[PDB]
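Participant: Protein sequences, first through last, are from chains B and A.
Counting in the deposited numbering, the first sequence runs from 4 upward without gaps.
Counting in the deposited numbering, the second sequence runs from 4 upward without gaps.
In this text, a Cβ means the ideal position worked out from N, Cα and C, and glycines have one as well.
Sharing a structure, written as structure tokens. Questions coming.
Number of protein chains: 2
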Amino acid sequence: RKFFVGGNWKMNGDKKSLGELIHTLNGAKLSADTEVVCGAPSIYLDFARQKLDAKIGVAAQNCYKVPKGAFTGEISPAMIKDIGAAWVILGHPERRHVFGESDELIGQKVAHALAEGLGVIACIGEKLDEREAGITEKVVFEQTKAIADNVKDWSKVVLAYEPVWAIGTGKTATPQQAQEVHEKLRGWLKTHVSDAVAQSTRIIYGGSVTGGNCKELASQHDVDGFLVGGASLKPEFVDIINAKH
Amino acid sequence: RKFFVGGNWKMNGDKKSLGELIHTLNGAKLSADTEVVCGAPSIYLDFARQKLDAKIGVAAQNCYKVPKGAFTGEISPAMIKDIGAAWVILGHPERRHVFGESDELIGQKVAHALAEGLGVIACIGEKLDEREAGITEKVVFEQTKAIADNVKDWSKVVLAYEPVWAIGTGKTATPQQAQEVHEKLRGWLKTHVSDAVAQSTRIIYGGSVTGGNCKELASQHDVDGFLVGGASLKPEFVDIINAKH
């Protein structure tokens, strides 16, 4: 399983500062063993695909569930593919809890994006109240069931565990907390899909991953990489990419 | 009061077909007395502003309420200005009824977009079961109030009445129907805001405007233009632009 780190740039940047960040990534020594994708805001998807070295992937931060139609403010897998991006992030906790996207809806978005030929970074995660109530395993199995049910070919899906209490707060999952649910997810996938899907699907972690804590998280056996938020806007994103080296 | 034709492409297009369309608009003999804007997918806004003639406005179909942050999937007024687009469409019916945007959110996004110096095409419109219950006027005044309370400067606001029973249905309002609620809107404005605002503010109609029914609606006294959807993807858009012709 090739190490995967995506940078989720969320609602950040302008053309000046993202051209500056992209020039850093392009000219930096980045490990050939790491798959790297940047999630630009939709308004700069085209410009990021035009400026980033081809070996770096571009992902869209959200997309809708049909190719075209009367849905003011949305964009589809067809437009993302037209601009030359190869990925879409779906199910992100901000889309679930701030904008109300349900499992049903993430689910049809996953199925439509895959049928259109994109890759899907599918995000699952429990809230703090659910972890303190002890039900982390039920919540996250329910969420990857809703995804897996819509997955035909797993070669294009990367699962991203992003516990909500760790997104943007500074309160990273410890390497043992991350490890435990990542091997439970791997277990879920072996019991419910197959052993072969379980062994090759990257499960990545997200939630306050920095240059200073990444190396200990990547040493864990079932952590296949990261989906980095705030630190992907920074010079230390190169160090996170290079966490196994 | 300058006649205003907005083109809302909704979630349609790709670079080849919007490229065909934009080339027609740049070539067309468009009226000197109309202000035109095109409302392009977020993913094609930079492309649409690069390629469209400078006299034609570009509008974003949605945005959020703060300038930057941890809101995966959103774009901000700062990013839209950065690209050169001068307007945003806020509170479109599809956003309210398919995507749950309440009047409190639309009201906070209007104030933010205006604080950032963009123009806003603020949308309002009743449902058919509300028209038949005899409460159009209380609905659209409720909606307009949620916007007006968040507007410190009206020179950059265009209001768009869009009865939801008329959007993409083909069931367009008669000129008499558009005119009754637009003169009601104007009067609401002169009594709850001011005479100079009411005199000044463009109130435009959308909901199945075609080149076939546009001269009759445009001859109505308080209809200052249109926000057209499906027909703005066709050569027909040029007729609607020129519609007092």
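1) Just list the residues that DSSP pairs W157(A) with in beta bridges.
2) How is the alpha helix (DSSP H) around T194(B) delimited, first residue to last?
3) How big is the Cα-Cα spacing for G16(A) and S79(B)?
4) Quick one: list the residues of chain A neighbouring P44(B), beta-carbon separation under 7 Å, in chain order.
5) Strictly below 8 Å CB to CB, what residues from chain A border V101(B)?
6) Using a Cβ-Cβ distance under 9 Å, would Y67(A) count as near chain B?
7) In three-state DSSP terms, what is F6(A)?
8) Please confirm whether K68(B) and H26(B) have their CB atoms less than 9 Å apart.
9) I believe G128(A) touches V167(A) by the beta-carbon criterion, under 8 Å. Please report the beta-carbon distance rounded to the nearest angstrom.
10) If we ignore side chains and look at the alpha-carbon of each, how far apart do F7(A) and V161(A) end up?
11) Mapping DSSP to helix, strand and coil, what is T37(A)?
12) Within 9 Å of any Cβ in chain B, is that where the Cβ of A63(A) sits?
13) Taking only the alpha-carbon atoms, compute the straight-line gap between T204(A) and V123(A) and give it to the nearest angstrom.
14) Could you tell me whether the Cβ atoms of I86(A) and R52(A) are closer together than 9 Å?
15) Using a beta-carbon distance below 9 Å, is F229(B) in contact with chain A?
16) Buried or exposed: which applies to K247(A), given that a residue is buried once 16 or more other Cβ atoms fall within 10 Å of its Cβ?
17) Identify the continuous beta strand (DSSP E) that holds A125(B) and give its terminal residues.
18) Of the residues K19(B), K71(B) and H224(B), which one's Cα is nearest the Cα of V184(B)?
19) Starting from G94(B), trace the beta strand (DSSP E) both ways and give me its first and last residue.
20) Give me the chain B residues within the contact set of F240(A), using Cβ-Cβ distance strictly less than 7 Å, ordered along the chain.
21) Any idea if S45(B) is buried or exposed, counting beta-carbon neighbours within 10 angstroms, 16 or more meaning buried?
22) Taking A234(B) as the reference, which of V40(B), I59(B) and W12(B) has the closest Cα?
23) Measure the C-alpha to C-alpha separation of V231(B) and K218(B) and round it to an integer number of angstroms.
24) Show which residues of chain B have a CB atom less than 7 Å away from the CB atom of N11(A).
25) Looking at chain B, which residues of the region 143–171 of chain A have a Cβ within less than 9 Å of any of its Cβ atoms?
26) Going by Cα to Cα distance, which pick from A88(A), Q179(A), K84(A) and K112(A) is closest to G94(A)?
27) Alpha carbons only, please: which of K32(B), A31(B) and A57(B) is nearest the one belonging to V40(B)?
28) Could you list which residues in chain B have their beta carbon closer than 7 Å to that of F50(A), in chain order?
29) Looking only at its chain, what residues have a beta carbon closer than 6 Å to the beta carbon of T37(A), apart from the 5 residues adjacent to it on each side?
30) Is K174(A) close to chain B? Criterion is C-beta to C-beta, closer than 9 Å.
31) Do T175(B) and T213(B) have their C-beta atoms closer together than 9 Å?
32) Mind listing the chain A neighbours of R98(B)? Cutoff is C-beta to C-beta under 7 Å, in chain order.
33) Please classify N245(A): does DSSP put it in a helix, a strand, or coil?
34) State the Cα-Cα distance for the pair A62(A) and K237(A), rounded to the nearest angstrom.
35) Could you tell me which residues DSSP pairs with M14(A) in its beta bridges?
36) Looking only at its chain, what residues have a beta carbon closer than 7 Å to the beta carbon of residue 2(B), apart from the 5 residues adjacent to it on each side?
Facilitator: With the given structure in hand:
1) Position 154 of the second sequence, counting from 1, holds the residue named residue 157(A). In DSSP, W157(A) forms no bridge with anything.
2) What you label residue 194(B) is simply residue 191 of the first sequence in a count that begins at 1. Unbroken alpha helix (DSSP H) run through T194(B): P178 to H195.
3) Within the second sequence, the letter at position 13 stands for residue 16(A). Within the first sequence, the letter at position 76 stands for residue 79(B). Each residue's Cα considered, the two are about 10 Å apart.
4) Locating residue 44(B) in the first sequence gives position 41, counting from the first residue. Residues of chain A passing the Cβ test: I78 and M82.
5) Numbered from its first residue, the first sequence carries residue 101(B) at position 98. Result: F74.
6) The count along the second sequence starts at 1 and reaches residue 67(A) at position 64. Output row for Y67(A): interface = yes.
7) Along the second sequence, one-based indexing puts residue 6(A) at 3. Of the three classes helix, strand and coil, the one that applies to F6(A) here is strand, per DSSP.
8) The residue you call residue 68(B) lines up with position 65 of the first sequence. The residue you call residue 26(B) lines up with position 23 of the first sequence. Going by C-beta atoms, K68(B) is not nearer than 9 Å to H26(B).
9) Residue mapping note: residue 128(A) aligns to position 125 of the second sequence, counting from 1. Residue mapping note: residue 167(A) aligns to position 164 of the second sequence, counting from 1. At roughly 5 Å, the Cβ-Cβ gap stays under 8 Å, so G128(A) and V167(A) are in contact.
10) The sequence position of residue 7(A) within the second sequence is 4, counting from 1. The sequence position of residue 161(A) within the second sequence is 158, counting from 1. Their backbone Cα atoms lie some 9 Å apart in a straight line.
11) Along the second sequence, read from residue 1 onward, the residue named residue 37(A) stands at position 34. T37(A): strand per DSSP, three-state reduction.
12) Within the second sequence, residue 63(A) is the residue found at index 60, counting from 1. Cβ-Cβ to chain B under 9 Å: yes for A63(A).
13) In the second sequence, counting from the first residue as 1, residue 204(A) sits at position 201. In the second sequence, counting from the first residue as 1, residue 123(A) sits at position 120. Going by the C-alpha atoms only, they are around 12 Å apart.
14) As a working mapping, residue 86(A) is identified with position 83 in the second sequence. As a working mapping, residue 52(A) is identified with position 49 in the second sequence. In contact: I86(A) and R52(A) (Cβ atoms closer than 9 Å).
15) As a first step, residue 229(B) is located in the first sequence; it is residue number 226 there, counting from the start. Output row for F229(B): interface = no.
16) Along the second sequence, read from residue 1 onward, the residue named residue 247(A) stands at position 244. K247(A) should be labelled exposed.
17) In the first sequence, residue 125(B) corresponds to position 122, counting from 1. That run of the beta strand (DSSP E) goes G122 to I127.
18) Indexing the first sequence from 1 puts residue 184(B) at position 181. Considering only alpha carbons, the answer is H224(B).
19) The count along the first sequence starts at 1 and reaches residue 94(B) at position 91. Counting along the chain, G94(B) falls outside any beta strand (DSSP E), and DSSP gives it neither H nor E.
20) As a working mapping, residue 240(A) is identified with position 237 in the second sequence. Result: empty, since nearest Cβ-Cβ is about 16 Å, beyond 7 Å.
21) Along the first sequence, read from residue 1 onward, the residue named residue 45(B) stands at position 42. It counts as buried.
22) The sequence position of residue 234(B) within the first sequence is 231, counting from 1. Comparing Cα-Cα distances from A234(B) to each of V40(B), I59(B) and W12(B), the minimum goes to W12(B).
23) The residue labelled residue 231(B) in the question sits at position 228 within the first sequence. The residue labelled residue 218(B) in the question sits at position 215 within the first sequence. Near 14 Å, if we compare the C-alpha coordinates of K218(B) and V231(B).
24) Here the question's residue 11(A) lines up with position 8 in the second sequence. Near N11(A) (Cβ distances below 7 Å), the residues of chain B are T75.
25) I170 and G171
26) What you label residue 94(A) is simply residue 91 of the second sequence in a count that begins at 1. When only C-alpha atoms are compared, the closest one is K112(A).
27) As a first step, residue 40(B) is located in the first sequence; it is residue number 37 there, counting from the start. It is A57(B).
28) For the purposes of this step, residue 50(A) is taken as the residue at position 47 of the second sequence. Simply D49.
29) Here residue 37(A) is taken as the residue at index 34 of the second sequence, counted from 1. Hits under 6 Å: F6, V8 and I244.
30) What you label residue 174(A) is simply residue 171 of the second sequence in a count that begins at 1. Output row for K174(A): interface = no.
31) Against the first sequence, residue 175(B) aligns to sequence position 172. Against the first sequence, residue 213(B) aligns to sequence position 210. Yes, the pair counts as a contact, with Cβ atoms nearer than the cut-off.
32) The sequence position of residue 98(B) within the first sequence is 95, counting from 1. Here the neighbours are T75 and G76.
33) Against the second sequence, residue 245(A) aligns to sequence position 242. DSSP places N245(A) in coil when its eight states are reduced to three.
34) Mapped onto the second sequence, residue 62(A) falls at position 59. Mapped onto the second sequence, residue 237(A) falls at position 234. About 18 Å.
35) Position 11 of the second sequence, counted from the first residue, corresponds to residue 14(A). Note: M14(A) sits in a beta bridge opposite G72(B).
36) Here chain B covers residues 4 to 248 and nothing more, so residue 2(B) does not appear.
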